[PDB]
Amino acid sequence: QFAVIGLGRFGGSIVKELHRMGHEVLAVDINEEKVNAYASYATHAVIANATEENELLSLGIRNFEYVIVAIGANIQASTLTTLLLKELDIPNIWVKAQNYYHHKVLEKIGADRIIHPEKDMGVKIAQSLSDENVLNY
């Protein structure tokens, strides 16, 4: 149903919520320590290298409607993965962007949603502030 690649503060944090709301989630990450840390939250916590076109097939990643690339300080895999996923014809692929340049490649690459955790949170914050006063509550 929902696959999340890269378990950092952003990616992991989304695996939990997905769990808390009673949803099955496949969480993956080359680093095994990161995998064990969420084994209790994901319907399945696998260890793999998302960039490896084969391991991706090991996870039947092509059977998920949504995959979330949460790779962080690695514009390399973040981009390679998104590309690979784009081949498996994965319906919706959402990716975290590390910087501006990244956002651009991601757009053209074919990502369905780009997330800028920092900025995006900003908009949501201004939005929250706005509600507090407009709706008045």
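Just count from 1 along the sequence shown to find any residue number.
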- Comparing 65-73 with 44-52, which has the greater mean CA B-factor as deposited? 44-52
- From 26, 39, 93, 106, the top C-alpha temperature factor is at 39
- Query: Going by what the PDB entry lists, where does residue 88 fall on CA B-factor within its chain: lowest, middle or highest third?
  - Reply: highest
- Query: Relative to the other modelled residues in the chain, which third contains the C-alpha temperature factor of residue 111: lowest, middle or highest?
  - Reply: middle
- Message: Using only modelled residues of the chain, where does the Cα B factor of residue 97 rank: lowest third, middle third or highest third?
- Response: lowest
- Task: For residue 81, return the chain-relative third of its C-alpha B-factor as stated in the PDB record: lowest, middle or highest.
- Result: lowest
